[PDB]
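Just so you know, residue 1 is the first one in the sequence shown, and it goes up from there. Only heavy atoms go into these numbers, but all of them, side chains included; no hydrogens, no water, no symmetry mates.
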Amino acid sequence: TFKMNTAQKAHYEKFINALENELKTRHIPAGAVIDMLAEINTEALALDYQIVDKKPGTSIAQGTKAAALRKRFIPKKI
């Protein structure tokens with residue numbers, strides 16, 4: 001994330017942490033992940049970056065931690 005500025009990184013980390021928190025108590029199905037990506041990327045757009053799912057069209061398992069999330073949901077400057 002060395003290419004990203006502080007605003008982009010703050011937004012991205014807020015997302016990763018919130019996502020980890022959601023996953024404490026549930027699985028998130030593939031269609032919900034797609035909806036989530038559109039929601040967060042619409043916001044990230046205003047900050048000139050996007051989050052890319054490296055495992056697109058898949059669900060996310062309960063208990064998945066931030067370090068794992070960061071390897072799957074990768075931020076890229078637009």
Side-chain angles (χ1 to χ4, degrees):
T1 57
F2 286 176
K3 294 182 179 179
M4 282 159 70
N5 64 42
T6 68
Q8 297 168 330
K9 187 58 180 177
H11 184 260
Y12 172 74
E13 280 299 316
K14 174 185 177 182
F15 164 71
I16 292 292
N17 294 325
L19 180 49
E20 177 186 64
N21 186 66
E22 294 301 292
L23 289 157
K24 288 185 179 64
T25 56
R26 65 177 165 125
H27 298 259
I28 298 179
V33 172
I34 289 166
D35 290 345
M36 176 185 75
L37 287 164
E39 173 185 357
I40 199 71
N41 277 326
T42 297
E43 291 183 21
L45 180 53
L47 304 167
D48 296 331
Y49 87 107
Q50 291 289 270
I51 294 164
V52 179
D53 185 352
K54 287 298 179 298
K55 297 183 178 181
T58 69
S59 58
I60 319 172
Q62 186 192 359
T64 303
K65 303 297 295 180
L69 294 169
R70 296 192 190 92
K71 288 187 178 61
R72 172 175 170 181
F73 297 102
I74 307 290
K76 302 182 185 300
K77 297 210 302 179
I78 294 172

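- Partners of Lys54 according to the side-chain contact (heavy atoms from CB on, under 4.5 Å) rule, which considers only residues two or more places apart in sequence or in another chain, are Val52, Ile74, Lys76.
- The list of side-chain hydrogen bond (donor to acceptor under 3.5 Å, both in side chains) pairs with a residue in residues 59-68, not counting sequence neighbours, reads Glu20-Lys65.
- Through side-chain heavy atoms spaced under 4.5 Å, either directly or across other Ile, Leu, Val, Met, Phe, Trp or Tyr residues, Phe73 is tied to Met4, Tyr12, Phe15, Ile16, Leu19, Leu23, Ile28, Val33, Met36, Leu37, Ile40, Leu47, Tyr49, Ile51, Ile60, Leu69.
- Residue pairs meeting the salt bridge (charged side-chain N to carboxylate O under 4.0 Å, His left out) criterion with at least one partner in residues 23-38, sequence neighbours excluded, are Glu22-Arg26.
- The shortest side-chain heavy-atom distance between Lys77 and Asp48 does not fall under the 4.5 Å cut-off.
- Cluster partners of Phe2: none. The rule joins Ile, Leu, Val, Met, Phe, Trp and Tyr whenever side-chain heavy atoms lie under 4.5 Å apart, and it links nothing here.
- The list of salt bridge (charged side-chain N to carboxylate O under 4.0 Å, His left out) pairs with a residue in residues 1-15, not counting sequence neighbours, reads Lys9-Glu13, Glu13-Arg70.
- Annotation for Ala30 and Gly57: closest pair CB-O, 3.3 Å, computed over non-hydrogen atoms.
- Taking the salt bridge (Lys or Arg N to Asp or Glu O under 4.0 Å) definition, one finds that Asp53 meets it with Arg72, sequence neighbours left out.
- Sorted by first and then second residue, the ring-ring contact (aromatic ring centres under 6.0 Å, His included) pairs with a member in residues 18-46 form an empty list; sequence neighbours excluded.
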